[PDB]
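First, one chain by itself in structure tokens, the form deposited in one PDB entry.
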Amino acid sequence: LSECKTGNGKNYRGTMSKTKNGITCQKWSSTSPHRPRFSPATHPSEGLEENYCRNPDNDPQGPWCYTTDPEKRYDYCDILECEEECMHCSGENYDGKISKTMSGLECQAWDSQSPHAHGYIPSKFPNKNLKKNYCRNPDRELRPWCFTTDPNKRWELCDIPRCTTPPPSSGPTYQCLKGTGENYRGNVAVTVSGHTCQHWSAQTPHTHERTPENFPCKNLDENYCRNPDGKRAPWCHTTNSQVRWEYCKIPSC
């Protein structure tokens, strides 16, 4: 079933099996390390299968599970809230029904190889929500898109409404380098070889698509080094007409 939830998740039937703190859930049909007050024998219509997170008691805090930690009887799980009316960030979790592209073309179905042959086969990418002919962003495009039914346009981006509420929490950000700097939010604006960063909102001296508009949840503010895509460390386009982009040297945390 659908791996996202709505409201307090009373009807959630996804397969999340870790608590919000990373502890593996205990099976509902198991009595160690804790004795469940909810299990299939007594609550057969609550979906208490395997060790998936559920809300058998209508908890306002949403889905939870008994945990395999003897010291923690149960805990709430971290589950993707469904994005149907609008999308957040660049729509990697968009799960709505819009099926027309920018120019108004009807989307080709993901399970169809006609008129365009492709590799986004739903059963090969089962967790990508490649349903019917709905616009999706399975792997790093600017926003949700689809192959089109027009033989003369292989694919095109779709016009998906952006949610105005706050985005999903993505964990903590740092003013120092941790890992590949995906969580960096400091103010360094110079590269390793000493170049001045070009503002992300500007298209000179270099044209690009890594703009605050396309990537709202990446905080591509002013000309601060950022690692909005999947690079080794933070980087930025430079105001040097001869160096399109370069990595920045951010002090580790």
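Start at 1 with the first residue shown and count on from there.
In what follows, reference is made to the form deposited in another entry, a form of this protein that is not presented.
- [ ] Considering the rigid-body rotation between this form and the one not shown, state which of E83, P56, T42, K132 is located at the hinge.
- [x] For the motion between this form and the one not shown, the hinge residue: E83.
Open item on the list: Taking the cut-off of 3 Å or more as given, in which direction does the distance between the C-alpha atoms of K124 and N51 change in that other deposited form, closer or farther?
Closed with: It is farther: the C-alpha separation of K124 and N51 rises by at least 3 Å in that other deposited form.
TODO: Once you account for a change of 3 Å or more, let me know if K18 and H88 sit closer or farther in that other deposited form, using their C-alpha atoms.
DONE: Closer, not farther.
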